[PDB]
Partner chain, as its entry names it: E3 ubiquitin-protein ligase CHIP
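One chain follows as C-alpha cells, the form deposited without the partner chain.
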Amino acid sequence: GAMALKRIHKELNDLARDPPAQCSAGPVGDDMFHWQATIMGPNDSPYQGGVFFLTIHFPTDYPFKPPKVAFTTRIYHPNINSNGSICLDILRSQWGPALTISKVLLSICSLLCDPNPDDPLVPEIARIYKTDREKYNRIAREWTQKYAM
C-alpha cells in the first residue's frame, strides 16, 4: 500500500545521501518493490575484489515485514547457499520496522566478514570455517576469483 511505497522512497533517498559500506541498491527500472543491490567484497576478507549482486523484494506491508533478499552471485559462505538464500536473523524472526534496506545491507556485509557457523545453511562450509579457517579463507578467495570478478 501507500505506507510501504512512502517508506521505500524514503529509504532510497537515505541510501543515495549515505551509502552503506561500499554497497549500492535501488529499483529495477520503474518497479519500486523490486530492487537490485551490489556489495563489494570487504577489504581484508576472502571476498576482497569481488562484486556480489543481490535481489530484493519488498512486501506490500513493508516496513512491518522484512524484504526478501537473495544473492545472485555465487559465494562460498556458511550462511548463504547455492540458491543465494541468506540465513540472517533480521530477515526473519528479528525484523522490525526500525530496520531499513541500508541496515540490511550493512548486516549482510558484516555477515560476510564474520559468519554464523552455528546457523549453517551450508553445513560443510560452516564446519571448515570452524575447524580450519586458513582453508576456508583459501577456498572463499578461489570462489571470489571464479564467480565474483
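Numbering follows the first chain given and starts at 1.
Mean Cα B factor from the PDB record: higher for 114 to 122, or higher for 97 to 105? It is 114 to 122 that shows the higher mean C-alpha B-factor.
Position of residue 23 among the chain's modelled residues by C-alpha B-factor, lowest, middle or highest third: Bottom third by C-alpha B-factor.
Going by the entry, which third of its chain does the Cα temperature factor of residue 41 land in? For residue 41, whose C-alpha B-factor we compare with every modelled residue in the chain, the answer is the lowest third.
Would the CA B-factor of residue 84 place it in the lowest, middle or highest third of its chain? Its C-alpha B-factor belongs to the highest third of this chain's values.
What comes next is about the form solved in complex with the partner chain, which does not appear here.
Who in 29 to 48 is close to the partner chain in the deposited bound form, meaning a heavy atom within 4.5 Å? Sequence-ordered list: 31, 33.
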